[PDB]
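Chemist: Have a look at the structure that comes next, please.
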Amino acid sequence: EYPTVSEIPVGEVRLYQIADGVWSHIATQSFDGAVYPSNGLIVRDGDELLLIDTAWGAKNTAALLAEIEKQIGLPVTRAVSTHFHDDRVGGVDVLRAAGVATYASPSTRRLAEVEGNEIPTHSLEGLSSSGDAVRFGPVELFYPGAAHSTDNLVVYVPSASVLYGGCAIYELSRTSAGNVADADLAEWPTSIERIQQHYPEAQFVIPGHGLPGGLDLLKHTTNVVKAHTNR
Ligand SMILES: C[C@@H]1C([C@H](C(=O)O)[C@@H](C)O)=N[C@H](C(=O)O)[C@H]1SC1Cn2cnc[n+]2C1
Ligand SMILES: [Cl-]
Ligand SMILES: [Cl-]
Ligand SMILES: [Cl-]
Ligand SMILES: [Zn+2]
Ligand SMILES: [Zn+2]
Ligand SMILES: [Zn+2]
């Protein structure tokens with residue numbers, strides 16, 4: 001039942017329950033003349049919610065907050081953006097105005113400022129070196145090293161065995177690499193290796209765009225990235 005790009009009008013947000021207390025949020029955006037879906041995560045944090053990533057823009061992120069209230073009804077109190085690009089931080093201003101405490105690593109905040117993108121308020125400590133992991137409410141944040149971007153984080157939900165890869169992990173239907181201008185193509189396979197070694201127990205893997213799957217999505221992503229490097 002996972003919604004695909006043709007099933008979500010731009011401006012609307014859909015939620016998909018992955019496991020007890022874990023949802024993905026799915027939105028769509030026009031970009032480069034195409035339409036792309038984009039995922040983030042919602043994790044129950046007691047009687048509150050932790051949000052992972054915006055819904056790629058102010059309008060989409062307002063729709064995200066509305067859909068969360070309609071379908072879940074717990075307040076979003078904190079949000080983490082997993083790298084500095086607009087599908088992760090675009091809409092941070094909307095979150096901030098709604099009383100959400102927004103977070104990102106120091107590297108993400110700096111890169112967002114350089115790029116002209118919205119800047120999450122709070123700085124996450126302990127994620128500056130490859131292999132670093134820190135617990136943050138009901139998730140673990142992991143910096144695997146540079147991949148899709150130099151700052152990209154992944155998010156593990158231990159209670160539900162859900163690994164959220166953000167844009168460092170590709171869905172299976174994507175067999176070519178795109179929008180890699182800020183990527184470290186050479187390090188990306190090694191960074192995925194670090195993810196597999198650190199979260200071998202993941203049952204579900206959620207890419208930044210497209211359908212969830214299992215841990216196969218990690219090897220798939222390595223295969224596609226390597227093929228692009230060699231092309
Ligand atoms: C423009 C998007 C976005 C940008 C970024 O973060 O680099 C920024 C706007 O936030 N992230 C994307 C990604 O690749 O992670 C792409 S969408 C991806 C491209 N594509 C080709 N076939 C299927 N897809 C999905
Ligand atoms: Cl961007
Ligand atoms: Cl705050
Ligand atoms: Cl706060
Ligand atoms: Zn990106
Ligand atoms: Zn605060
Ligand atoms: Zn992306």
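How things are named: the first chain in the structure tokens is A, the next is B, and so on; residues count from 1 in each chain; ligands count from 1 in the order shown.
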Show me, as a ChimeraX atom specification, the residues that have an atom within 7 Å of residue 49 (chain A) when counting only C-alpha atoms, minus same-chain residues fewer than 3 positions from it.

Modeler: /A:42-45,74-77

Chemist: Put those residues in a file: C-alpha atoms, as a PDB file, in the first residue's frame.

Modeler:
ATOM      1  CA  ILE A  42       7.829  10.233  12.330  1.00  0.00           C
ATOM      2  CA  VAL A  43       8.709   8.411  15.564  1.00  0.00           C
ATOM      3  CA  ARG A  44       6.539   8.310  18.664  1.00  0.00           C
ATOM      4  CA  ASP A  45       8.390   9.851  21.619  1.00  0.00           C
ATOM      5  CA  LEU A  74       0.302  13.878  19.144  1.00  0.00           C
ATOM      6  CA  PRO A  75       2.353  17.089  19.118  1.00  0.00           C
ATOM      7  CA  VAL A  76       5.523  17.327  17.043  1.00  0.00           C
ATOM      8  CA  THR A  77       8.031  18.702  19.537  1.00  0.00           C
TER       9      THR A  77
END

Chemist: With the cut-off set at 7 Å and counting only C-alpha atoms and all ligand atoms, tabulate each residue of chain A with an atom at most that distance from an atom of ligand 2, showing the nearest atom pair and its distance in Å to one decimal, ordered by chain and increasing number, as JSON lines.

Modeler:
{"residue": "A:84", "atom": "CA", "partner": "ligand 2", "partner_atom_place_in_ligand_line": "1 (Cl)", "distance": 6.9}
{"residue": "A:85", "atom": "CA", "partner": "ligand 2", "partner_atom_place_in_ligand_line": "1 (Cl)", "distance": 3.6}
{"residue": "A:86", "atom": "CA", "partner": "ligand 2", "partner_atom_place_in_ligand_line": "1 (Cl)", "distance": 4.2}
{"residue": "A:87", "atom": "CA", "partner": "ligand 2", "partner_atom_place_in_ligand_line": "1 (Cl)", "distance": 7.0}
{"residue": "A:117", "atom": "CA", "partner": "ligand 2", "partner_atom_place_in_ligand_line": "1 (Cl)", "distance": 6.8}

Chemist: Go through the chains and note each residue within 12 Å of ligand 4, using only C-alpha atoms and all ligand atoms, then give the set as JSON, numbers by chain.

Modeler: {"A": [76, 77, 78, 79, 96, 99, 100, 101, 102, 103, 120, 121, 122, 123]}

Chemist: Kindly save the residues from that selection, with N, CA and C atoms included, as a CSV table (one decimal), in the first residue's frame.

Modeler:
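File produced: again17.csv:
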chain,number,residue,atom,x,y,z
A,76,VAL,N,4.2,17.4,17.6
A,76,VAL,CA,5.5,17.3,17.0
A,76,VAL,C,6.3,18.3,17.8
A,77,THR,N,7.3,17.8,18.7
A,77,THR,CA,8.0,18.7,19.5
A,77,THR,C,9.5,18.9,19.1
A,78,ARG,N,10.0,18.0,18.3
A,78,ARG,CA,11.4,18.1,17.8
A,78,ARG,C,11.4,17.5,16.4
A,79,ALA,N,12.4,18.1,15.6
A,79,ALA,CA,12.6,17.6,14.3
A,79,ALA,C,14.1,17.6,14.0
A,96,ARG,N,9.4,25.7,12.8
A,96,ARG,CA,9.8,26.7,13.9
A,96,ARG,C,8.6,27.5,14.3
A,99,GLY,N,6.2,25.8,16.7
A,99,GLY,CA,6.7,25.4,18.0
A,99,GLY,C,7.5,24.2,18.0
A,100,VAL,N,7.9,23.7,16.9
A,100,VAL,CA,8.8,22.5,16.8
A,100,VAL,C,10.2,23.0,17.0
A,101,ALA,N,11.0,22.3,17.9
A,101,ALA,CA,12.4,22.5,18.1
A,101,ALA,C,13.2,21.8,16.9
A,102,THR,N,13.8,22.5,16.1
A,102,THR,CA,14.5,22.0,14.9
A,102,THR,C,16.0,21.8,15.2
A,103,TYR,N,16.5,20.7,14.7
A,103,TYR,CA,17.9,20.2,15.0
A,103,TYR,C,18.6,19.8,13.8
A,120,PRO,N,18.2,24.8,10.6
A,120,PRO,CA,17.6,24.3,11.9
A,120,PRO,C,18.3,25.0,13.1
A,121,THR,N,17.5,25.2,14.1
A,121,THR,CA,17.9,26.0,15.3
A,121,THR,C,19.0,25.4,16.1
A,122,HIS,N,18.8,24.2,16.5
A,122,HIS,CA,19.7,23.5,17.5
A,122,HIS,C,20.7,22.7,16.8
A,123,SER,N,21.9,22.6,17.5
A,123,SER,CA,23.0,21.9,17.0
A,123,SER,C,23.1,20.5,17.7

Chemist: Residues within 7 Å of region 128-144 of chain A, please, as a PDB file with N, CA and C atoms, in the first residue's frame. Count only C-alpha atoms; anything in the same chain fewer than 3 positions from it doesn't count.

Modeler:
ATOM      1  N   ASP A  45       7.461   9.469  20.572  1.00  0.00           N
ATOM      2  CA  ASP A  45       8.390   9.851  21.619  1.00  0.00           C
ATOM      3  C   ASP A  45       7.535  10.033  22.870  1.00  0.00           C
ATOM      4  N   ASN A 152      25.524  13.936   5.503  1.00  0.00           N
ATOM      5  CA  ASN A 152      24.312  13.140   5.629  1.00  0.00           C
ATOM      6  C   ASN A 152      24.330  12.225   6.863  1.00  0.00           C
ATOM      7  N   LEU A 153      23.205  12.206   7.553  1.00  0.00           N
ATOM      8  CA  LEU A 153      22.947  11.337   8.698  1.00  0.00           C
ATOM      9  C   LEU A 153      21.956  10.260   8.344  1.00  0.00           C
ATOM     10  N   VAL A 154      22.073   9.123   9.010  1.00  0.00           N
ATOM     11  CA  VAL A 154      21.018   8.125   8.956  1.00  0.00           C
ATOM     12  C   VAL A 154      20.453   7.967  10.357  1.00  0.00           C
ATOM     13  N   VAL A 155      19.264   7.376  10.422  1.00  0.00           N
ATOM     14  CA  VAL A 155      18.474   7.341  11.649  1.00  0.00           C
ATOM     15  C   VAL A 155      17.985   5.927  11.856  1.00  0.00           C
ATOM     16  N   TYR A 156      18.261   5.365  13.022  1.00  0.00           N
ATOM     17  CA  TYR A 156      17.807   4.035  13.356  1.00  0.00           C
ATOM     18  C   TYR A 156      16.799   4.116  14.496  1.00  0.00           C
ATOM     19  N   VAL A 157      15.697   3.381  14.375  1.00  0.00           N
ATOM     20  CA  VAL A 157      14.703   3.304  15.441  1.00  0.00           C
ATOM     21  C   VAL A 157      14.837   1.947  16.127  1.00  0.00           C
ATOM     22  N   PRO A 158      15.505   1.851  17.287  1.00  0.00           N
ATOM     23  CA  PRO A 158      15.798   0.512  17.839  1.00  0.00           C
ATOM     24  C   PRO A 158      14.565  -0.301  18.196  1.00  0.00           C
ATOM     25  N   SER A 191      30.885   4.428   3.069  1.00  0.00           N
ATOM     26  CA  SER A 191      29.920   4.903   4.052  1.00  0.00           C
ATOM     27  C   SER A 191      28.737   3.945   4.176  1.00  0.00           C
ATOM     28  N   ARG A 194      29.729   1.084   6.349  1.00  0.00           N
ATOM     29  CA  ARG A 194      29.650   1.415   7.770  1.00  0.00           C
ATOM     30  C   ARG A 194      28.222   1.276   8.293  1.00  0.00           C
ATOM     31  N   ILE A 195      27.235   1.663   7.481  1.00  0.00           N
ATOM     32  CA  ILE A 195      25.836   1.488   7.867  1.00  0.00           C
ATOM     33  C   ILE A 195      25.517   0.004   8.028  1.00  0.00           C
TER      34      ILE A 195
END

Chemist: Pick the closest to ligand 6 from A:41, A:46, A:104, A:29: which is it, counting only C-alpha atoms and all ligand atoms?

Modeler: A:104

Chemist: To test your reading of the structure, identify every residue in region 22-214 of chain A that backbone DSSP assigns to strand (DSSP E), and report it as a count of residues only.

Modeler: 61

Chemist: To one decimal in Å, tell me the separation between atom 2 (C, counted along the ligand's line) of ligand 1 and CA of residue 70 (chain A).

Modeler: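 CA of residue 70 (chain A) lies at a distance of 27.3 Å from atom 2 (C, counted along the ligand's line) of ligand 1.
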
Chemist: Counting only C-alpha atoms and all ligand atoms, what are the residues, protein, DNA or RNA alike, that approach ligand 7 to within 8 Å? I want them as a PyMOL selection string.

Modeler: chain A and resi 38+85+87-88+166-167+208-209

Chemist: Filtering to N, CA, C and O atoms, could you give me those residues as an mmCIF file, in the first residue's frame?

Modeler:
data_model
loop_
_atom_site.group_PDB
_atom_site.id
_atom_site.type_symbol
_atom_site.label_atom_id
_atom_site.label_comp_id
_atom_site.auth_asym_id
_atom_site.auth_seq_id
_atom_site.Cartn_x
_atom_site.Cartn_y
_atom_site.Cartn_z
ATOM 1 N N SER A 38 9.244 12.120 -1.938
ATOM 2 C CA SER A 38 10.273 12.250 -0.931
ATOM 3 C C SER A 38 9.714 11.778 0.398
ATOM 4 O O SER A 38 8.567 12.063 0.722
ATOM 5 N N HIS A 85 20.113 19.903 2.250
ATOM 6 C CA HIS A 85 19.374 20.232 1.048
ATOM 7 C C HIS A 85 17.894 20.460 1.363
ATOM 8 O O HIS A 85 17.386 20.066 2.420
ATOM 9 N N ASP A 87 15.032 19.218 0.380
ATOM 10 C CA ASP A 87 14.085 18.161 0.731
ATOM 11 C C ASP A 87 14.227 17.691 2.186
ATOM 12 O O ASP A 87 13.408 16.887 2.652
ATOM 13 N N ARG A 88 15.174 18.227 2.941
ATOM 14 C CA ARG A 88 15.390 17.911 4.335
ATOM 15 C C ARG A 88 15.160 19.091 5.250
ATOM 16 O O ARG A 88 14.715 18.883 6.402
ATOM 17 N N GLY A 166 17.705 8.288 4.549
ATOM 18 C CA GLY A 166 17.690 9.539 3.824
ATOM 19 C C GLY A 166 18.254 9.375 2.430
ATOM 20 O O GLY A 166 18.217 8.290 1.825
ATOM 21 N N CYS A 167 18.772 10.466 1.876
ATOM 22 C CA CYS A 167 19.166 10.485 0.468
ATOM 23 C C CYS A 167 20.430 9.683 0.189
ATOM 24 O O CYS A 167 20.749 9.455 -0.981
ATOM 25 N N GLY A 208 15.524 7.948 1.008
ATOM 26 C CA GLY A 208 15.070 9.321 1.004
ATOM 27 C C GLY A 208 13.954 9.574 0.015
ATOM 28 O O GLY A 208 13.172 10.515 0.211
ATOM 29 N N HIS A 209 13.870 8.763 -1.038
ATOM 30 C CA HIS A 209 12.871 8.876 -2.087
ATOM 31 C C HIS A 209 12.464 7.461 -2.458
ATOM 32 O O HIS A 209 13.326 6.649 -2.803
#

Chemist: Which residues are near residue 14 (chain A)? Cut-off 10 Å, only C-alpha atoms, ignore same chain within fewer than 5 positions. Put them as a list in words.

Modeler: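 What passes the distance filter is residues 2, 3, 7, 8, 9, 23, 24, 25, 26, 27, 28, 39, 63, 64, 67, 68 and 71 of chain A.
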
Chemist: For N, CA and C atoms, I'd like the residues from the last selection saved as a PDB file, in the first residue's frame.

Modeler:
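And here's again-v3.pdb as it stands now:
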ATOM      1  N   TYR A   2       2.182   1.185  -0.108  1.00  0.00           N
ATOM      2  CA  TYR A   2       3.017   2.382   0.028  1.00  0.00           C
ATOM      3  C   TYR A   2       2.751   3.328  -1.134  1.00  0.00           C
ATOM      4  N   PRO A   3       2.511   4.598  -0.873  1.00  0.00           N
ATOM      5  CA  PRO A   3       2.136   5.503  -1.962  1.00  0.00           C
ATOM      6  C   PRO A   3       3.320   5.836  -2.846  1.00  0.00           C
ATOM      7  N   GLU A   7       0.639   8.950  -7.018  1.00  0.00           N
ATOM      8  CA  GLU A   7      -0.492   8.860  -6.109  1.00  0.00           C
ATOM      9  C   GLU A   7      -0.505   9.959  -5.065  1.00  0.00           C
ATOM     10  N   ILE A   8       0.416  10.918  -5.140  1.00  0.00           N
ATOM     11  CA  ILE A   8       0.442  12.025  -4.204  1.00  0.00           C
ATOM     12  C   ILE A   8       0.491  13.357  -4.937  1.00  0.00           C
ATOM     13  N   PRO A   9      -0.593  14.119  -4.960  1.00  0.00           N
ATOM     14  CA  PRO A   9      -0.532  15.447  -5.587  1.00  0.00           C
ATOM     15  C   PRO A   9       0.490  16.325  -4.878  1.00  0.00           C
ATOM     16  N   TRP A  23       6.170   5.977  11.513  1.00  0.00           N
ATOM     17  CA  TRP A  23       5.542   6.282  10.243  1.00  0.00           C
ATOM     18  C   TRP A  23       6.578   6.852   9.297  1.00  0.00           C
ATOM     19  N   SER A  24       6.374   6.664   8.001  1.00  0.00           N
ATOM     20  CA  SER A  24       7.039   7.553   7.060  1.00  0.00           C
ATOM     21  C   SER A  24       6.039   8.628   6.650  1.00  0.00           C
ATOM     22  N   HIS A  25       6.557   9.784   6.237  1.00  0.00           N
ATOM     23  CA  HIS A  25       5.753  10.816   5.605  1.00  0.00           C
ATOM     24  C   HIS A  25       6.232  10.937   4.168  1.00  0.00           C
ATOM     25  N   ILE A  26       5.283  11.012   3.244  1.00  0.00           N
ATOM     26  CA  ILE A  26       5.565  11.020   1.817  1.00  0.00           C
ATOM     27  C   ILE A  26       4.950  12.271   1.212  1.00  0.00           C
ATOM     28  N   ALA A  27       5.765  13.016   0.486  1.00  0.00           N
ATOM     29  CA  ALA A  27       5.345  14.203  -0.235  1.00  0.00           C
ATOM     30  C   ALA A  27       5.950  14.144  -1.622  1.00  0.00           C
ATOM     31  N   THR A  28       5.551  15.097  -2.449  1.00  0.00           N
ATOM     32  CA  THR A  28       6.072  15.176  -3.812  1.00  0.00           C
ATOM     33  C   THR A  28       6.416  16.619  -4.118  1.00  0.00           C
ATOM     34  N   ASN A  39      10.543  11.051   1.147  1.00  0.00           N
ATOM     35  CA  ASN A  39      10.191  10.493   2.436  1.00  0.00           C
ATOM     36  C   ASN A  39      10.837  11.250   3.571  1.00  0.00           C
ATOM     37  N   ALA A  63       1.351  21.074   5.195  1.00  0.00           N
ATOM     38  CA  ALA A  63       0.449  19.950   4.984  1.00  0.00           C
ATOM     39  C   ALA A  63       0.856  18.756   5.845  1.00  0.00           C
ATOM     40  N   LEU A  64       2.158  18.539   6.006  1.00  0.00           N
ATOM     41  CA  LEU A  64       2.650  17.482   6.878  1.00  0.00           C
ATOM     42  C   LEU A  64       2.153  17.651   8.306  1.00  0.00           C
ATOM     43  N   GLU A  67      -1.524  16.825   8.486  1.00  0.00           N
ATOM     44  CA  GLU A  67      -1.824  15.410   8.371  1.00  0.00           C
ATOM     45  C   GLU A  67      -1.443  14.670   9.646  1.00  0.00           C
ATOM     46  N   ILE A  68      -0.331  15.057  10.274  1.00  0.00           N
ATOM     47  CA  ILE A  68       0.041  14.427  11.543  1.00  0.00           C
ATOM     48  C   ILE A  68      -1.030  14.669  12.598  1.00  0.00           C
ATOM     49  N   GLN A  71      -4.179  12.476  11.655  1.00  0.00           N
ATOM     50  CA  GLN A  71      -4.057  11.026  11.672  1.00  0.00           C
ATOM     51  C   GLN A  71      -3.464  10.467  12.957  1.00  0.00           C
TER      52      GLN A  71
END

Chemist: Check the smallest atom-to-atom distance from each of A:162, A:95, A:169, A:218 to ligand 6 using only C-alpha atoms and all ligand atoms, then report the winner.

Modeler: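 Going through A:162, A:95, A:169, A:218 one by one, the smallest distance to ligand 6 is for A:95.
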
Chemist: Please identify all protein, DNA and RNA residues within 9 Å of ligand 1, counting only C-alpha atoms and all ligand atoms, and report them as a PyMOL selection string.

Modeler: chain A and resi 29-32+34-38+56+83-90+148-149+166-171+173-183+207-210

Chemist: Could those residues be written to a file, using N, CA and C atoms, as a compact mmCIF listing (two decimals), in the first residue's frame?

Modeler:
# COMPACT_ATOMS: atom_id res chain seq x y z
N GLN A 29 7.33 16.78 -5.07
CA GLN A 29 7.77 18.10 -5.46
C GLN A 29 8.13 18.08 -6.93
N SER A 30 7.85 19.20 -7.60
CA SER A 30 8.33 19.44 -8.94
C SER A 30 9.76 19.95 -8.86
N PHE A 31 10.64 19.36 -9.67
CA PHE A 31 12.05 19.74 -9.65
C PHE A 31 12.68 19.30 -10.95
N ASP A 32 13.44 20.20 -11.59
CA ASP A 32 14.13 19.91 -12.85
C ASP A 32 13.16 19.46 -13.94
N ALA A 34 10.64 17.43 -13.50
CA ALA A 34 10.10 16.13 -13.15
C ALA A 34 9.28 16.26 -11.88
N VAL A 35 8.59 15.19 -11.51
CA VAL A 35 8.00 15.10 -10.18
C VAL A 35 8.66 13.94 -9.45
N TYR A 36 9.08 14.20 -8.21
CA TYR A 36 9.73 13.23 -7.37
C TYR A 36 8.98 13.09 -6.06
N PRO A 37 8.84 11.88 -5.54
CA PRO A 37 8.39 11.70 -4.16
C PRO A 37 9.56 11.89 -3.21
N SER A 38 9.24 12.12 -1.94
CA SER A 38 10.27 12.25 -0.93
C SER A 38 9.71 11.78 0.40
N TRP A 56 9.85 18.82 2.18
CA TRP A 56 10.40 19.41 0.97
C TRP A 56 9.59 20.63 0.59
N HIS A 83 20.28 16.19 6.24
CA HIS A 83 21.36 16.92 5.56
C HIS A 83 20.79 18.26 5.12
N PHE A 84 21.61 19.06 4.45
CA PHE A 84 21.33 20.49 4.31
C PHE A 84 20.47 20.86 3.11
N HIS A 85 20.11 19.90 2.25
CA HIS A 85 19.37 20.23 1.05
C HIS A 85 17.89 20.46 1.36
N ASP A 86 17.20 21.05 0.40
CA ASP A 86 15.85 21.55 0.61
C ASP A 86 14.82 20.45 0.88
N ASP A 87 15.03 19.22 0.38
CA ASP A 87 14.08 18.16 0.73
C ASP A 87 14.23 17.69 2.19
N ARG A 88 15.17 18.23 2.94
CA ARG A 88 15.39 17.91 4.34
C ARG A 88 15.16 19.09 5.25
N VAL A 89 15.50 20.30 4.81
CA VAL A 89 15.36 21.50 5.63
C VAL A 89 14.34 22.49 5.06
N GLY A 90 13.88 22.31 3.84
CA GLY A 90 12.91 23.22 3.28
C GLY A 90 11.59 23.07 4.00
N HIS A 148 25.76 10.79 -0.19
CA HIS A 148 24.99 11.74 -0.99
C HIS A 148 25.42 13.17 -0.72
N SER A 149 25.78 13.46 0.53
CA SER A 149 26.36 14.75 0.90
C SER A 149 27.41 14.47 1.96
N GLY A 166 17.71 8.29 4.55
CA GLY A 166 17.69 9.54 3.82
C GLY A 166 18.25 9.38 2.43
N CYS A 167 18.77 10.47 1.88
CA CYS A 167 19.17 10.49 0.47
C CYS A 167 20.43 9.68 0.19
N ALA A 168 21.10 9.21 1.24
CA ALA A 168 22.22 8.29 1.04
C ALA A 168 21.81 6.90 0.60
N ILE A 169 20.54 6.56 0.71
CA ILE A 169 20.05 5.24 0.33
C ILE A 169 19.00 5.43 -0.76
N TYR A 170 19.16 4.69 -1.85
CA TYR A 170 18.27 4.73 -3.00
C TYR A 170 17.20 3.65 -2.89
N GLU A 171 16.00 3.96 -3.38
CA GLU A 171 15.01 2.90 -3.57
C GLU A 171 15.44 1.97 -4.71
N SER A 173 13.77 0.91 -7.30
CA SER A 173 13.40 1.26 -8.67
C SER A 173 14.34 2.28 -9.29
N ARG A 174 15.19 2.92 -8.50
CA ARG A 174 16.15 3.89 -9.04
C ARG A 174 17.43 3.13 -9.38
N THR A 175 17.73 3.02 -10.66
CA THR A 175 18.91 2.28 -11.10
C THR A 175 19.95 3.19 -11.72
N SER A 176 19.79 4.50 -11.57
CA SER A 176 20.81 5.46 -11.99
C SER A 176 20.94 6.49 -10.89
N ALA A 177 22.08 7.16 -10.85
CA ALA A 177 22.33 8.18 -9.83
C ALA A 177 22.02 9.54 -10.43
N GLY A 178 21.41 10.40 -9.62
CA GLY A 178 21.13 11.76 -10.04
C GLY A 178 21.25 12.70 -8.87
N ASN A 179 21.40 13.99 -9.18
CA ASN A 179 21.58 15.02 -8.16
C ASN A 179 22.66 14.59 -7.17
N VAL A 180 23.87 14.43 -7.71
CA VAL A 180 25.03 14.01 -6.95
C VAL A 180 26.09 15.10 -6.89
N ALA A 181 25.71 16.36 -7.17
CA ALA A 181 26.69 17.43 -7.27
C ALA A 181 27.41 17.68 -5.95
N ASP A 182 26.75 17.42 -4.82
CA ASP A 182 27.38 17.62 -3.52
C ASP A 182 27.83 16.30 -2.91
N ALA A 183 27.80 15.20 -3.67
CA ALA A 183 28.11 13.90 -3.15
C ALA A 183 29.61 13.66 -3.14
N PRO A 207 14.39 4.65 2.09
CA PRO A 207 15.24 5.57 1.32
C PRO A 207 14.70 6.99 1.43
N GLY A 208 15.52 7.95 1.01
CA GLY A 208 15.07 9.32 1.00
C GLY A 208 13.95 9.57 0.01
N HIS A 209 13.87 8.76 -1.04
CA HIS A 209 12.87 8.88 -2.09
C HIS A 209 12.46 7.46 -2.46
N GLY A 210 11.18 7.18 -2.39
CA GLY A 210 10.65 5.94 -2.90
C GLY A 210 10.32 4.88 -1.87

Chemist: Can you tell me how far CA of residue 189 (chain A) sits from CA of residue 125 (chain A), in Å to one decimal?

Modeler: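 Calculated distance between CA of residue 189 (chain A) and CA of residue 125 (chain A) is 25.0 Å.
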